[PDB]
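# Just the starting chains for now, same placement as in the complex:
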Amino acid sequence: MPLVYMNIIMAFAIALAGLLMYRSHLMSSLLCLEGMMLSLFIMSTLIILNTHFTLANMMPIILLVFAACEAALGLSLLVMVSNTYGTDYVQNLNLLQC
Amino acid sequence: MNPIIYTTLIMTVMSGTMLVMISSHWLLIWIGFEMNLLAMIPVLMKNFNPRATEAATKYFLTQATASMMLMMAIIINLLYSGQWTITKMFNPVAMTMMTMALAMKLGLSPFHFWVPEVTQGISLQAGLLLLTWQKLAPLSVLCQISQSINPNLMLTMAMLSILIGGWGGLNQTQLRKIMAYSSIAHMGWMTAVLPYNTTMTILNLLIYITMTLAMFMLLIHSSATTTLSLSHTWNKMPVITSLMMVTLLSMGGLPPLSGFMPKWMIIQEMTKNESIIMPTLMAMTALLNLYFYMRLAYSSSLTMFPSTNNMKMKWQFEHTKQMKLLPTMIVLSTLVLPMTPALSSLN
């Protein structure tokens, strides 16, 4: 296992930690999700190209498409939150509680 | 929304779950999960309001994080063994991460925090669909790789889920949060027998789905969300309160009602593998579920709470819409203990 894969997994872990930290600005949470997705794309592309698994070259593109769709969905939700509160601070979503 | 669009979204949710269950490729399973998540969001937001929007965004964040973790686990498994088929994981780290992803998707503790709030924000119909249908894909995936899952992680997460559900159900007053904690506890019960016998997992899933479908249909029939709104029901439809109390007793594990069949059977299986302490602990913990079910039954049917004058007008009107399969659900969730051996059908 070379250092490139280690660095890519480190980037994914850092992006996951950033997503889970949640300072504010839900847009930052979406950005962290998409950074995780980009790391996934890079890692999968490297793994598939290294082993000459030809028929698997479809996998990254497909992945990207679906993930981008999710991003769009997320953005929509974010917009509605702002339209109800005027801003997208995370701490405003406290009506529902355990 | 338009009825055609609602039907299309429901078909898409079911198609995503079917694709997850009938596929032998990790990428196709991930695609099915993504389709399910994509089509499930508007179902939560059918009745537009700030609470529904907040619940939907919490659900989306949790599901997206779980899906990303699942894809990372798939990538690592592919890296350490160039296999796409859903079989032995061939890696410990990939198995651990996939177990966390499926726990996030299911709602097992400590990833359980989103379930009560999402259930509370969204409507009864949305909640009913979320509570029962969503469980089928992650549970199928877990059953398909049960030979590779680490018993320690699954067992400790199941024990924590049972404890958390039992403790959190005591405090809640709204019925939707009680149902969310009940679901958490039932899934803690159900995932504990995955390493040993998946047939018991499927049987518990079927019994739990029947019970919660019956209870949610009863709650929809008598349009009650809080405890007092349910207490008012006896003045109009006492039969509904009686049936709800019987179903609540069944859901607590009281024999000879149907809800005793899974727990008992599950215990039996864990006794075959020389696991004695854990089944005892889970039984004494399910006593808490029984307690808050009994409190709800006391509030609803066994005592007559004060009514209101305007309720007189409700005596003159009948329920215009009748939901089919409610009597069947009640009967299946209450009086099917004597047919326990039918579980050999590998249901």
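Received the coordinates, thanks. Numbers count the residues shown, from 1 in each chain, chains lettered A, B, ... in the order given.
# just checking, what's the longest helix in chain A?
Longest helix in chain A, counting residues (DSSP state H): helix A:58-85.
# do it and chain B meet at all?
Yes: interface with chain B: helix A:58-85 contributes A:59, A:62-63, A:66, A:69-70, A:73-74, A:77-78, A:80-81, A:84 (C-beta under 8 Å from any C-beta of the partner chain). Placement of C-beta: from N, CA and C, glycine included.
# Phi first, then psi, for the residue of chain B positioned farthest from its centre.
Residue farthest from the centre of chain B, counting by C-alpha atoms, centre = their mean, is residue B:309 at 37.3 Å. Backbone geometry at residue B:309, expressed as degrees, to the nearest 10, gives phi -60, psi -50.
# Residue A:2 too?
When read as degrees, to the nearest 10, the backbone of residue A:2 gives phi -70, psi 180.
# measure it to residue A:40 for me?
According to C-beta to C-beta, to the nearest Å, residue A:2 and residue A:40 sit 18 Å apart.
# Is any residue of stretch B:167-183 near chain A?
Yes: residues of stretch B:167-183 contacting chain A under C-beta under 8 Å from any C-beta: B:168, B:177.
# Just give the closest residue to the residue of chain A found nearest chain B, not the sequence neighbours.
At 3.8 Å from chain B, residue A:96 is the closest residue in chain A, using C-beta to the nearest C-beta. Using C-beta to C-beta, 6 or more residues apart in numbering or on different chains and skipping residues adjacent in sequence, the residue nearest residue A:96 is residue B:117, 3.8 Å away.
# Who are the contact partners of the one you found?
Applying C-beta atoms under 8 Å, 6 or more residues apart in numbering or on different chains to residue B:117 gives the contacts A:96-98, B:54-55, B:58.
# Could you do residue B:100 as well?
Neighbouring residues of residue B:100 by C-beta under 8 Å, 6+ apart: B:69, B:111.
# ok, now how distant is it from residue B:187?
In terms of C-beta to C-beta, residue B:100 sits 15 Å off from residue B:187.
# Pretty sure residue B:120 sits against residue B:173.
No: if you go by C-beta atoms under 8 Å, residue B:120 and residue B:173 don't touch, sitting 10.9 Å apart.
# more crowded one of the two?
Ranked by neighbour count (other C-beta atoms under 10 Å in any protein chain shown), residue B:120 and residue B:173 place residue B:120 first, with 23 against 11.
# So stretch A:21-38, near chain B or not?
Yes: using C-beta under 8 Å from any C-beta, stretch A:21-38 comes into contact with chain B via A:26, A:29, A:33, A:36-37.
# what's the most distant pair in those residues?
Spanning the widest gap among the residues of stretch A:21-38 next to chain B are A:26 and A:37, at 16.7 Å by C-beta to C-beta.
# onto the same structure, chain C please:
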Amino acid sequence: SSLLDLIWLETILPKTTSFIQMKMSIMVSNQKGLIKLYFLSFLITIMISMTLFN
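Placed with the earlier chains, chain C looks like this:
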């Protein structure tokens, strides 16, 4: 009658159980609904399972 049956036998088995379960229910169910704390706990449990169960 009073000291054993009505006071201490009640205190040992039923009352202690009731008090402990009430305290645990209050502790568990008291969540402000912030997803910041939820996801911080998610990160903590991910780290704990990664370093402990392997």
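# Please re-evaluate the contacts of residue B:117 in the presence of chain C.
By C-beta under 8 Å, 6+ apart, the contact list for residue B:117 reads A:96-98, B:54-55, B:58, C:33.
# Filter these down to the buried ones, ChimeraX style.
Only the buried entries of the contacts of residue B:117 go into this ChimeraX selection, using 16 or more other C-beta atoms under 10 Å in any protein chain shown:
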select /A:96,98 /B:54,55,58 /C:33
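# Quick check: the two most widely separated of the contacts of residue B:117?
The most widely separated members of these, counting by C-beta to C-beta, are A:98 and B:54 (13.7 Å).
# that older thread, so which elements touch the longest helix of chain A?
helix A:26-50, helix B:26-44, helix B:50-80 (3 or more C-beta pairs under 8 Å, 6 or more residues apart in numbering or on different chains; DSSP states H and E).
# How far away from the center of its chain is the shortest one?
Computed by C-alpha atoms, centre = their mean, to the nearest Å, the chain-centroid distance of helix B:26-44 equals 18 Å.
# tell me the angle of it relative to helix A:58-85?
Orientation check (axes from the mean of the first three to the mean of the last three C-alpha atoms, to 10 degrees): helix B:26-44 against helix A:58-85 gives 20 degrees.
# Helix B:26-44 and chain A, any residue contact?
Yes: interface with chain A: helix B:26-44 contributes B:27, B:30-31, B:34, B:37-38, B:41 (C-beta under 8 Å from any C-beta).
# Just the buried ones among these, please.
Using 16+ other C-beta under 10 Å, the buried ones in these are B:27, B:30-31, B:34, B:37-38, B:41.
# List just the nearest of those to chain A.
The nearest member of these to chain A, counting by C-beta to the nearest C-beta, is residue B:34 at 4.8 Å.
# Find me whatever residue is spatially closest to the closest one, sequence neighbours aside.
residue A:66 (4.8 Å).
# need the contact list for the one you found.
Taking C-beta under 8 Å, 6+ apart as the test, what residue A:66 contacts is B:30-31, B:34.
# Could you dump the residues of helix B:26-44 next to chain A into a markdown table with distance to residue B:240 added?
Shown next, in a markdown table, are those (distance: C-beta to C-beta, whole Å):
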| residue | distance to residue B:240 |
| --- | --- |
| B:27 | 47 |
| B:30 | 42 |
| B:31 | 42 |
| B:34 | 39 |
| B:37 | 34 |
| B:38 | 36 |
| B:41 | 32 |
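# how many neighbours does the residue of the stretch 201-347 of chain B found nearest chain A have?
Using C-beta to the nearest C-beta, the closest approach of the stretch 201-347 of chain B to chain A is made by residue B:225 at 13.6 Å. A total of 14 residues lie near residue B:225 under the criterion other C-beta under 10 Å.
# One more: the one 10 residues further on?
Using other C-beta under 10 Å as the criterion, residue B:235 is surrounded by 17 other residues.
# then chain D, please:
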Amino acid sequence: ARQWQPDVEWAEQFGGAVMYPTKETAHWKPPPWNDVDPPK
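Chain D added:
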């Protein structure tokens, strides 16, 4: 000569946001009867 049945005082115990009220949750408010909040 009459079987006791719950009155208003007994029913108000379950009317709160959560059971077993504490100092922290004394200021919590029950959700609205319909799941709609004021637009403010």
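# The contacts of residue B:117 again, this time with chain D added?
Applying C-beta under 8 Å, 6+ apart to residue B:117 gives the contacts A:96-98, B:54-55, B:58, C:33.
# Could you list which of the residues you listed also contact chain D?
Among these, chain D is touched by residue A:97 when using C-beta under 8 Å from any C-beta.
# Looking at the contacts of residue B:117, which is nearest chain D?
Closest to chain D, out of all of the contacts of residue B:117 and judged by C-beta to the nearest C-beta, is residue A:97, at 8.0 Å.
# for the closest one, phi and psi?
phi -150, psi 160.
# what's the answer for residue C:2, then?
phi -80, psi -50.
# rewinding a little: which member of the contacts of residue B:117 is positioned nearest residue B:288?
Checking those against residue B:288 by C-beta to C-beta gives residue A:98 as the nearest, at 16.1 Å.
# which residues sit in contact with the residue nearest to the closest one when sequence neighbours are not counted?
Residue nearest to residue A:98 in three dimensions, not counting chain neighbours: residue C:31, with 3.6 Å by C-beta to C-beta, 6+ apart. Counting by C-beta under 8 Å, 6+ apart, residue C:31 makes contact with A:97-98, B:113, C:37-38.
# switch the cut-off to 7 Å
Residues in contact with residue C:31 (C-beta atoms under 7 Å, 6 or more residues apart in numbering or on different chains) are A:97-98, B:113.
# What residues sit buried inside the longest helix of chain A?
Neighbour-count burial for helix A:58-85 flags A:59-60, A:63-64, A:66-67, A:70-71, A:73-74, A:77-78, A:80-81, A:84 (criterion: 16+ other C-beta under 10 Å).
# any idea how far residue A:52 lies from chain C?
Plainly put, residue A:52 is 32 Å away from chain C if you go by C-beta to the nearest C-beta, to the nearest Å.
# how much space between that residue and residue A:46?
Distance of residue A:52 to residue A:46, given as C-beta to C-beta: 13 Å.
# So between those two, which is more surrounded?
When residue A:52 and residue A:46 are compared for neighbours, residue A:46 comes out ahead with 16 against 8, by other C-beta under 10 Å.
# Once you drop chain neighbours, what's closest to that one?
residue A:4 (6.7 Å).
# A helix includes that neighbour, no?
Yes: counting by DSSP: H, G, I helix; E, B strand; the rest coil, residue A:4 is found in a helix.
# Alongside chain D, which residues does chain B contribute?
For chain B, the contact set with chain D under C-beta under 7 Å from any C-beta of the partner chain comprises B:49-51, B:170-173, B:227-228, B:231, B:299, B:303-306.
# Can you report how many residues neighbour the residue nearest to residue A:46?
Residue A:4 has 12 nearby residues by other C-beta under 10 Å.
# One more: residue C:23?
Residues lying near residue C:23 (other C-beta under 10 Å) number 12.
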